[PDB]
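One structure is given below, encoded as structure tokens.
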Amino acid sequence: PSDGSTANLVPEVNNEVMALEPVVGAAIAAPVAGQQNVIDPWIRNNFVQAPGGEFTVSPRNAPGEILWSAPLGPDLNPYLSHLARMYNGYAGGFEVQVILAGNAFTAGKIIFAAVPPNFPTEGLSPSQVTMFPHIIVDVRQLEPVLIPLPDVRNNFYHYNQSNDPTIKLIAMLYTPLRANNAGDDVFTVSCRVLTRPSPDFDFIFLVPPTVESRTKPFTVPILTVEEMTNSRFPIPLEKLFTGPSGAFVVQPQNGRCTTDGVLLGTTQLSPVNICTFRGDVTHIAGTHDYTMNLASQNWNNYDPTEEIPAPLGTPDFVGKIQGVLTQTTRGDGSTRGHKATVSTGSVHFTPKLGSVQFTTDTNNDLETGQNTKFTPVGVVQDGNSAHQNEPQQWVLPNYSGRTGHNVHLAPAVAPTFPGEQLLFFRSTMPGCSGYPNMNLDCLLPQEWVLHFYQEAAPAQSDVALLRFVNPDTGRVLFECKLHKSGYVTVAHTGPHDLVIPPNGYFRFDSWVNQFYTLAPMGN
Amino acid sequence: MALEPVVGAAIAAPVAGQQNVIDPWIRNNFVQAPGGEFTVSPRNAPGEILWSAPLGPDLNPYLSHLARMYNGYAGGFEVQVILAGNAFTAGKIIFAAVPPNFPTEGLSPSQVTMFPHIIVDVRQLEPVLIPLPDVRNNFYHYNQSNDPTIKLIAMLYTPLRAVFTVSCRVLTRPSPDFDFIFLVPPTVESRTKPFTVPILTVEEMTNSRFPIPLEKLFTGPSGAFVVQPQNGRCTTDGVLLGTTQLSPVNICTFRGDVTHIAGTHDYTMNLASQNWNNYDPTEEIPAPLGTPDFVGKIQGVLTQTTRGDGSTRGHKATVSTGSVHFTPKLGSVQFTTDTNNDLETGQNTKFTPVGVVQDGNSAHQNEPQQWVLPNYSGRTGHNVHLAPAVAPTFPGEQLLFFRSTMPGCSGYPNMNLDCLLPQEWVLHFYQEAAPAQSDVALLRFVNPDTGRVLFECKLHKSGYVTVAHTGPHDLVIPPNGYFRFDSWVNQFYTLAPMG
Amino acid sequence: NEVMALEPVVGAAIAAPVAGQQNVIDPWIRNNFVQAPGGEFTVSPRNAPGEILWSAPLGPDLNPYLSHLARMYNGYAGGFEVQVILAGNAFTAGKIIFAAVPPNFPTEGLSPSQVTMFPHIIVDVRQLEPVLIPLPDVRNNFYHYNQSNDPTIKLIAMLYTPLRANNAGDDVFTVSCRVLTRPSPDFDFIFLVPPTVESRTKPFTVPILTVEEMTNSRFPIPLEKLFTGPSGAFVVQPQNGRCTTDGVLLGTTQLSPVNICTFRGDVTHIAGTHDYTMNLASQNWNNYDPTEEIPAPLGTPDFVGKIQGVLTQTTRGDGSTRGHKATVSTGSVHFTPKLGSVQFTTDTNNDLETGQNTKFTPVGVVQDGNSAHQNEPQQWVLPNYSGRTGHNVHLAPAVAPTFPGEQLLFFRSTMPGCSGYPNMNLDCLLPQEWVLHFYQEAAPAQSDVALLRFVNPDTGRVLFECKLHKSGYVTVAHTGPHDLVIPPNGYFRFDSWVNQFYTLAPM
Ligand SMILES: [Cl-]
Ligand SMILES: [Cl-]
């Protein structure tokens with residue numbers, strides 16, 4: 010029966026069982042629910058992979074790490090997830106199926122535990138997890154693990170739009186992963202979580218779809234790398250790059266946006282205003298320099314009291330940006346345009362205070378009362394100093410110049426998992442003069458900022474697993490982790506420009522946590 | 027009583043993959059169809075089909091969302107029609123069920139009575155109920171197929187006597209024999225996502241004909257001009273037209289190798305692709321994607337980088353569209369620069385646009401004519417594979433433009449730049465690829481503070497917007513107002529006056 | 024566990040009241056599993072979750088017995104039982120999902136999560152016993168017609184968990200899979216009909232001819248060798264020998280293997296030179312119509328170079344005949360065959376009369392010896408068929424491999440040289456006899472790729488396999504330029520239609 014397959018090398022099934030009493034589903038809610046609803050019985054009789062539903066046990070993982078966790082709710086099941094956008098509430102339990110068919114040469118144990126509502130999960134030790142109803146499963150177990158997840162609660166049913174807690178199911182690494190395959194291979198255990206609603210599960214109230222935030226699902230645009238634009242300078246994207254970031258500090262303030270659509274730093278939605286300035290301009294006596302008193306991006310007065318580091322779209326690197334000042338006179342419509350340059354490392358670059366200084370090609374022909382716009386074009390470098398040294402993309406300017414320090418900054422960004430580096434979306438800035446360092450990396454393409462902003466989809470966990478696919482060949486090129494904080498990471502060591510098919514796109518496959526181990530991409 | 031009962035999906039059980047159940051409450055409430063708005067106005071005459079819909083999940087917003095989870099369906103509907111008339115209004119509306127594969131084109135009101143029908147007076151208060159059974163000759167219908175179904179049609183049976197527009201609404205609910213058939217994942221390639229319009233504000237969006245933000249909404253008469261832009265031209269279901277591409281930054285830009293013209297400060301650019309590939313002049317496009325779509329002088333900056341040492345050069349430059357040397361369909365355009373030397377020949381060169389200029393000795397505000405197309409192949413022929421021209425077709429209506437102001441670099445230029453669709457709307461339609469359920473998508477502009485509707489407009493499938501107004505007018509809009517897609521309608525819809 | 028969540032689906036029994044007749048299939052065919060023609064795929068450690076390793080639609084082409092029978096029947100109805108075999112061992116880990124995708128649902132782009140949402144089975148790489156999958160004929164009509172190509176249910180095989188195994192030495196361990204099929208009891212054919220009349224049932228084939236026995240489709244010369252190479256620098260876009268698998272000719276391609284670089288028409292002298300202008304008439308000697316949706320008259324040369332041959336003329340009344348060494352330059356501005364005129368350089372400025380029909384017989388290519396050696400005949404540069412006065416119109420598409428590790432496979436011949444140092448390499452995408460074969464035997468393509476096997480009949484050994492794309496070009500698994508070392512009697516054999524994800528073994 011098992012001769013030549015598995016070969017008794019492997020635990021077949023688990024004996025342990027969760028010490029939970031039975032718990033009623035939605036039947037209790039019938040006298041006070043608005044309606045008695047029905048779920049397609051095929052959805053109830055068939056396991057499907059949960060959003061989330063992937064996690065890994067690798068040698069990088071350490072005992073105590075929660076490899077997978079989820080609260081009870083419709084988001085446990087993709088069919089129920091889409092249905093839930095059409096209902097106001099729910100009640101009842103789930104059957105979860107976990108697949109752990111590790112290679113026979115692997116060792117290690119996982120604990121699954123049910124933690125009741127309103128108990129804090131945020132510091133649990135392995136000892137402590139044992140005090141809940143729990144099951145301990147060997148990472149090599151062949152038959153899937155079946156865990157019933159009852160809807161422990163103190164009310165008749167749950168509302169989608171509220172934050173009353175539910176039971177949380179936890180999977181934690183109980184014993185580190187060891188292996189004794191003789192060769193130098195990993196044998197990471199790839200695990201799958203599938204679910205189906207219990208018979209007592211039901212939705213409560215029929216309501217207009219998609220208007221409830223907590224049920225909006227997360228997506229990542231189908232756009233190709235060439236079809237998107239840099240979020241730190243109005244340029245198209247060109248390549249994907251990963252490299253080591255230990256030396257310098259990756260802390261941009263443009264193109265910073267969270268997965269559920271909260272903008273951060275100096276980030277705004279318009280991809281054309283990403284290094285623009287608008288306001289009234291003043292000549293500086295005896296020089297070809299002009300001082301600009303800043304208006305907003307929509308030509309309103311600028312309010313420095315706002316909880317932002319600087320006006321939205323203010324450059325987030327130190328360098329000399331060359332462009333054009335343009336001006337129009339209200340009465341007659343006379344227009345003027347002059348070569349201009351802004352140095353963000355200059356002591357007179359104080360956009361938080363409301364003033365920026367340009368160096369122009371005239372000392373007249375710029376009126377003092379007219380609206381003036383700086384259209385950026387490129388970056389420049391002083392040719393007498395070291396080649397490729399002027400534009401430092403990862404050095405933040407002093408938004409208030411010599412007065413005070415920078416405030417309300419978006420956090421810095423770094424890989425936290427062993428073997429991982431940031432993944433940058435790389436664009437090459439036009440050079441106007443000199444020998445400038447023309448590489449510009451952003452953490453998110455501008456179109457992703459647009460998308461996340463509009464679809465304010467709540468993050469089901471802290472990391473969204475993406476796979477990059479070649480649609481011609483159908484093959485996955487690499488996988489990466491998209492963090493809620495709005496940055497991407499990959500499994501690689503060393504600098505590398507990615508070799509990408511022109512048709513490649515990012516495909517969202519599963520929610521994971523920070524302990525997910527990515528397949529190595531490099532070379 | 028005029029039709030027999032018609033079985034739904036129960037008959038399909040021996041040949042369907044699965045047996046499914048739909049939430050029975052969905053059939054206990056009449057709900058407005060996604061294309062359940064139509065209008066009767068004195069502009070309409072008998073013979074015009076004022077409203078129509080095919081049987082299918084798209085009749086019901088609940089079934090519409092459910093349909094993303096199923097492969098097919100079978101069964102009928104009960105439809106309810108509501109007419110907002112008054113006692114001073116006269117006329118009759120006939121609703122009729124026309125069976126699959128019968129041609130509606132040319133029907134008289136007399137003939138429409140020969141179908142199962144109801145004749146309802148425009149001044150009735152109480153809603154009228156129509157049964158719509160799933161007459162067919164197969165076991166069931168596939169969502170991904172355009173197989174025909176029974177159609178419900180509404181038209182004026184007697185002429186309307188009454195500015196007074198009669199607002200009408202169509203609501204539906206599934207019959208008890210209706211059911212979905214095969215449970216399937218809601219994928220993107222299904223093209224079952226319903227059509228929407230981005231929530232972005234006019235202020236926060238970008239012009240699709242020049243890399244600048246939008247500023248205001250403008251309506252005006254277009255009898256003088258020929259409205260035929262080639263950028264920002266896109267279909268509601270995501271088909272790009274003309275020279276339109278997706279990058280909001282690469283509009284009115286050029287990339288290629290550059291060559292000096294002896295004795296002048298003028299240069300010739302041999303055009304590479306937007307991706308820096310070779311450019312193929314034989315593509316079925318009027319010109320390379322992002323080519324300027326108006327006649328004028330566009331000033332910017334030419335940029336060049338020498339590979340090997342990192343040498344970079346930048347020079348003020350200017351393109352005159354409609355100049356005889358502007359031939360981007362053939363692969364070359366001519367710039368006038370501020371040097372005759374420093375632009376090297378071997379290296380790749382990029383023109384970054386900034387603004388337009390005007391010769392000050394000529395008539396003021398006459399140089400950039402946004403509604404005059406350049407001759408993409410110069411004198412050596414005329415333009416080909418153009419996106420169609422655009423004009424209002426319904427009496428009382430004008431185009432609605434998304435207006436921004438181009439920066440002026442010198443002179444007295446006409447800085448007015450109107451596009452048909454925001455660039456972000458082009459992006460949205462491309463990615464969502466939502467199939468159009470009719471030829472016109474009715475949009476309403478909403479003030480989110482109060483929930484109030486400020487005006488309505490028609491977004492045509494061809495990718496242009498029209499509104500009910502006469503005369504030029506800059507629209508006065510709350511800065512945070514957004515567009516909302518409300519219903520599929522047809523060409524006979526009468527818009528509320530706006531102004 | 025191992026059960027696909029599908030309801031039972033009636034086969035041809037439901038069709039009895041509306042079918043004309045009741046038929047019977049040989050019971051041995053019903054009781055014995057047979058390998059689907061493209062029923063092989065492989066699980067390697069390079070594979071990642073979500074990759075579709077194999078797919079097939081339900082239908083008679085999955086079974087060569089049923090495929091042959093369908094040529095004599097009008098329709099069919101019912102399902103199959105599929106047997107899939109996995110060549111694992113106890114020391115492997117990993118999961119494969121098989122899924123039933125309904126008739127009109129697109130497979131293109133599915134994530135692993137979503138594939139789980141179809142009726143499905145999850146199979147462990149260590150499973151020894153074959154997996155039995157019922158594939159029911161989900162449909163919305165009573166039965167299917169052969170000529171109507173109705174869409175059917177699809178079987179999907181996708182990598183669900185990566186393969187975890189040791190390798191032995193440098194040989195990387197892989198799990199080979201095979202897909203076997205046999206008709207369900209409810210499957211049956213419908214109406215007996217004349218056995219080879221119905222078009223959509225003709226099977227695709229490839230000539231048994233040897234490379235030496237075939238002919239180049241771009242110049243009237245025999246083939247000599249098979250050549251594969253990287254093609255990224257240049258643009259592979261020939262206009263002769265371009266034909267689709269189901270027999271539609273493309274570009275300037277025509278059927279006669281001798282008229283591949285010929286010209287016919289009436290000729291006119293250009294005063295003071297040894298040049299002549301030929302007013303072109305159709306290859307069949309008729310009036311020439313430029314309106315034809317073709318790049319140029321059929322058989323017009325599709326490369327830039329100087330072709331030397333012989334002009335021949337015949338006076339109708341007297342019967343006199345004249346023949347003169349001549350040369351055509353396809354890159355010269357006076358080479359405008361789309362407009363109807365071509366310019367020759369001859370060895371006389373006398374003895375070529377007007378109004379008489381004149382035929383250019385091509386012989387070879389020539390090179391200016393004072394220029395760089397091997398620089399004049401650019402085979403992969405198309406001439407400008409309308410000279411300066413416009414662009415080429417209605418071209419056959421350009422051709423490139425899409426799969427990593429794959430390069431074009433060219434049928435290579437060596438052009439005769441007449442003078443100078445010309446590049447005598449000439450590569451075509453299809454032999455002329457393959458064009459002839461596809462055109463006559465107009466077999467419908469069951470997918471975008473026909474898998475071919477190249478066989479040495481002496482030893483019986485297969486030397487390589489290649490992909491014949493429906494568009495009419497071939498690709499192989501190789502990197503770098505290489506002349507193939509082939510036994511002189513080797514032939515191409517058609518094996519199976521496959522899906523676009525089929526990965527072929529390297530040389
Ligand atoms: Cl989904
Ligand atoms: Cl209209």
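Chains as they are written, first to last, in the deposited numbering: chain FB, 10 to 532; chain GA, 27 to 188, 195 to 531; chain GC, 24 to 530.
Note that CB positions come from ideal geometry on N, CA and C, so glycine has one too.
Could you tell me which residues DSSP pairs with residue i in its beta bridges?
i: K118 (chain FB); result: FB:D147
i: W51 (chain FB); result: BP columns for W51 (chain FB) are empty, so no partner.
i: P318 (chain GC); result: Its beta-bridge partners do not exist; DSSP assigns none.
i: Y168 (chain GC); result: GC:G98
i: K348 (chain GA); result: GA:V333
i: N448 (chain GA); result: GA:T437
i: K490 (chain FB); result: FB:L474 and FB:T498
i: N163 (chain FB); result: Its beta-bridge partners do not exist; DSSP assigns none.
i: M27 (chain GC); result: None, per the DSSP bridge assignment.
i: residue 539 (chain GA); result: Given that chain GA is displayed from residue 27 to residue 531, the structure contains no residue 539 (chain GA) and the question cannot be resolved.
i: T369 (chain GC); result: GC:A349
i: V485 (chain GC); result: GC:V478
i: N310 (chain GA); result: GA:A304
On the criterion of 16 or more Cβ atoms from any shown chain inside 10 Å, does residue i qualify as buried, or is it exposed?
i: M140 (chain GA); result: exposed
i: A59 (chain GC); result: buried
i: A395 (chain GC); result: exposed
i: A421 (chain GA); result: exposed
i: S171 (chain FB); result: exposed
i: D450 (chain FB); result: buried
i: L151 (chain FB); result: buried
i: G264 (chain GA); result: buried
i: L246 (chain FB); result: buried
i: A294 (chain FB); result: exposed
i: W457 (chain GA); result: buried
i: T412 (chain GA); result: exposed
i: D374 (chain GC); result: exposed
i: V389 (chain GA); result: buried
Query - Residue list, Cβ distance to ligand 2 heavy atoms smaller than 5 Å - result: After applying the 5 Å Cβ criterion, the set is GA:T425, GA:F426 and GA:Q523.
Query raised in the report: In chain order, what are the residues with a CB under 6 Å from some non-hydrogen atom of ligand 1?
Result: Qualifying residues, in the order they occur: FB:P87, GA:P217, GA:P218 and GC:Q137.
Query raised in the report: Is it true that the region 495-510 of chain GA meets the region 518-532 of chain FB, where meeting means three or more beta-carbon pairs spaced less than 8 Å apart?
Result: no
Query - Complete beta strand (DSSP E) runs within the region 214-284 of chain GA (minimum length 3 residues, chain order) - result: 248-251
Requested in this report: Decide yes or no for the touch test of the region 210-223 of chain GC against the region 255-262 of chain GC: beta carbon pairs closer than 8 Å, at least 3 of them.
Outcome: no
Query raised in the report: Counting Cβ pairs, one atom from each stretch, are 3 or more of them under 8 Å apart for the region 279-288 of chain FB and the region 315-325 of chain FB?
Result: yes
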